[PDB]
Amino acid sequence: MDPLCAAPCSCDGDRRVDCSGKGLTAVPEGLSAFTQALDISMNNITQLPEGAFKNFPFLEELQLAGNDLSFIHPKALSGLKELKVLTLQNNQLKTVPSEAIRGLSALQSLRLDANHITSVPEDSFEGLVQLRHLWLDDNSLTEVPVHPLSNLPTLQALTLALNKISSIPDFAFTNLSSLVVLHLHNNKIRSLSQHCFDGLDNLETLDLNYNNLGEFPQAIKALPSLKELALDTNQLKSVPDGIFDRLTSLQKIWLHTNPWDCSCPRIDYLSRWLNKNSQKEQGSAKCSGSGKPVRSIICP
């Protein structure tokens, strides 16, 4: 009993349409203009033509994950002024579709994870004045997209995890004043510039684990709201003295699976801090060689 539907989708009376997993190559014809949510994930849509969603002016949620989408017409998404959620994960995108999403002024959540994105055009994310959540994980980015990210002061959640980023320059995230969580784990970051995190005044969670950090990130000093800091599974040998003095918001820190050099007086400050702040360390930082916990070390 779907008065406003078309084969082989379902229309669940709350103006949500489900056409997922149906072997579709296109948006089905004859769907209602009342539609508020459209799930067309897990099909075989490789291309979206112009005006593909022209008859859905009140669409709030569009699920396109798991297709094999490799081409989005610059005007495929025209007229979707109400759209809040766009999921494009697990497709064949090579480029962030900058122009096609430009008019999505109500968008709050954008999933671009698990594509094959190697580049993000400079003008990406202009027009996304309400965006809150952005997933860019599991792509092929080799750098942080600085100018495109500068367009998103409303952004709260960002993942750039599982990409190929090797360094982050000064002021890379400077306009992201609302950002609460930032994931940068599973990249190949060896170089963090001294001021790469400036302007992240609301940041609570920072994940930098599974990288190639050889030097401790001084840049973390610019994070007054920092609650959770993951630095596990890097190549860290020492921390600079007094690095945590101004991180009075810290609640959890991961330091394990790093080759800590437990020579005195180099390990002095870190050993004492870990002993005074035992409640904050998650797991155990160990001395390279012996495997003795860093907190158990004392310098005379």
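When you see a residue number, it is the position in the sequence shown, counting from 1.
With 121-129 and 151-159 compared on mean CA B-factor from the PDB entry, the stretch scoring higher is 121-129. Higher mean CA temperature factor between 58-66 and 242-250: 242-250, per the PDB entry. In the deposited entry, the Cα temperature factor of residue 215 places it in the highest third of its chain's modelled residues. In the PDB entry, residue 46 places in the middle third of its chain by CA B-factor. Sorting the modelled residues of the chain by their CA temperature factor places residue 52 in the middle third. Split the chain's modelled residues into thirds by C-alpha temperature factor. Residue 196 is in the middle one. Ranked against the other modelled residues of its chain, the C-alpha B-factor of residue 102 as given in the entry falls in the middle third.
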